[PDB]
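Structure first, commentary second.
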Amino acid sequence: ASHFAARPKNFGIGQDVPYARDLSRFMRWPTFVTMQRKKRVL
RNA sequence: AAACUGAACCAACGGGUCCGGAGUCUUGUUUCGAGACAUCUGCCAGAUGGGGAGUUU
């Protein structure tokens, strides 16, 4: 009687609370960080 | 897929404490629209201008 059972969250657009995602790209960085990147882009 | 008020968190689990579950990558913007334009910025130039100033009559 082993009741260990997988119960996957199955994240979908409307379904379950997702796991935390890495927001690094869309994050708001401090003023000097976005600035020392953009200066490279130029 | 006309609609007519339910619930969802703090991982279950799988693989060899890590990696999955939850694709990886970055010549780099937070994303979208416009864009070398103008309602952008500064100076120079004209027109208008009793809205306002001075004075005369």
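Following the order of the structure tokens, chains are lettered A, B, ..., residues in each are numbered from 1, and ligands are numbered from 1.
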
Can you tell me which residues surround residue 8 (chain A) at a distance of at most 7 Å, considering only C-alpha atoms (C1' of nucleotides), apart from same-chain residues fewer than 2 positions away, and format the answer as a list in words?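 Surrounding residues, per the criterion: residues 6 and 10 of chain A; 12 of chain B.
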
Residues flagged helix (DSSP H, G or I) by DSSP in chain A, as a list in words: residues 31, 32, 33, 34, 35, 36, 37, 38, 39, 40 and 41 of chain A

Just to be explicit: take each residue in the selection above, keep N, CA and C atoms, and write the result as a PDB file, in the first residue's frame.
```
ATOM      1  N   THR A  31      19.691  51.810 -12.452  1.00  0.00           N
ATOM      2  CA  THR A  31      19.924  52.763 -13.519  1.00  0.00           C
ATOM      3  C   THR A  31      21.275  52.559 -14.183  1.00  0.00           C
ATOM      4  N   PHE A  32      22.297  52.149 -13.436  1.00  0.00           N
ATOM      5  CA  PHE A  32      23.594  52.035 -14.085  1.00  0.00           C
ATOM      6  C   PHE A  32      23.692  50.751 -14.887  1.00  0.00           C
ATOM      7  N   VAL A  33      22.912  49.730 -14.530  1.00  0.00           N
ATOM      8  CA  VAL A  33      23.023  48.448 -15.218  1.00  0.00           C
ATOM      9  C   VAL A  33      22.427  48.512 -16.609  1.00  0.00           C
ATOM     10  N   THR A  34      21.203  49.018 -16.742  1.00  0.00           N
ATOM     11  CA  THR A  34      20.661  49.200 -18.080  1.00  0.00           C
ATOM     12  C   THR A  34      21.487  50.185 -18.871  1.00  0.00           C
ATOM     13  N   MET A  35      22.220  51.048 -18.188  1.00  0.00           N
ATOM     14  CA  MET A  35      22.989  52.073 -18.864  1.00  0.00           C
ATOM     15  C   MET A  35      24.324  51.560 -19.383  1.00  0.00           C
ATOM     16  N   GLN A  36      24.993  50.669 -18.664  1.00  0.00           N
ATOM     17  CA  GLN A  36      26.247  50.103 -19.128  1.00  0.00           C
ATOM     18  C   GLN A  36      26.044  48.940 -20.074  1.00  0.00           C
ATOM     19  N   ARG A  37      24.803  48.577 -20.353  1.00  0.00           N
ATOM     20  CA  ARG A  37      24.457  47.682 -21.446  1.00  0.00           C
ATOM     21  C   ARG A  37      24.122  48.442 -22.707  1.00  0.00           C
ATOM     22  N   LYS A  38      23.119  49.316 -22.639  1.00  0.00           N
ATOM     23  CA  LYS A  38      22.792  50.179 -23.762  1.00  0.00           C
ATOM     24  C   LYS A  38      24.018  50.836 -24.364  1.00  0.00           C
ATOM     25  N   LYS A  39      24.967  51.287 -23.542  1.00  0.00           N
ATOM     26  CA  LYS A  39      26.131  51.951 -24.114  1.00  0.00           C
ATOM     27  C   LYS A  39      26.916  51.013 -25.000  1.00  0.00           C
ATOM     28  N   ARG A  40      26.895  49.724 -24.699  1.00  0.00           N
ATOM     29  CA  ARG A  40      27.486  48.769 -25.620  1.00  0.00           C
ATOM     30  C   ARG A  40      26.679  48.689 -26.900  1.00  0.00           C
ATOM     31  N   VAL A  41      25.357  48.650 -26.776  1.00  0.00           N
ATOM     32  CA  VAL A  41      24.514  48.521 -27.953  1.00  0.00           C
ATOM     33  C   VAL A  41      24.795  49.647 -28.931  1.00  0.00           C
TER      34      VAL A  41
END
```

Record the distance separating CA of residue 7 (chain A) and CA of residue 19 (chain A), expressed in Å with one decimal.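 CA of residue 19 (chain A) lies at a distance of 14.9 Å from CA of residue 7 (chain A).
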
Would you give me, as a PyMOL selection string, the residues of chain B that come within 8 Å of chain A, using only C-alpha atoms (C1' of nucleotides)? chain B and resi 8-9+11-13+22+28-30

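Rounded to one decimal, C1' of residue 2 (chain B) and CA of residue 14 (chain A) lie 20.4 Å from each other.
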
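The interatomic distance for the pair CA of residue 23 (chain A) and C1' of residue 31 (chain B) works out to 13.4 Å.
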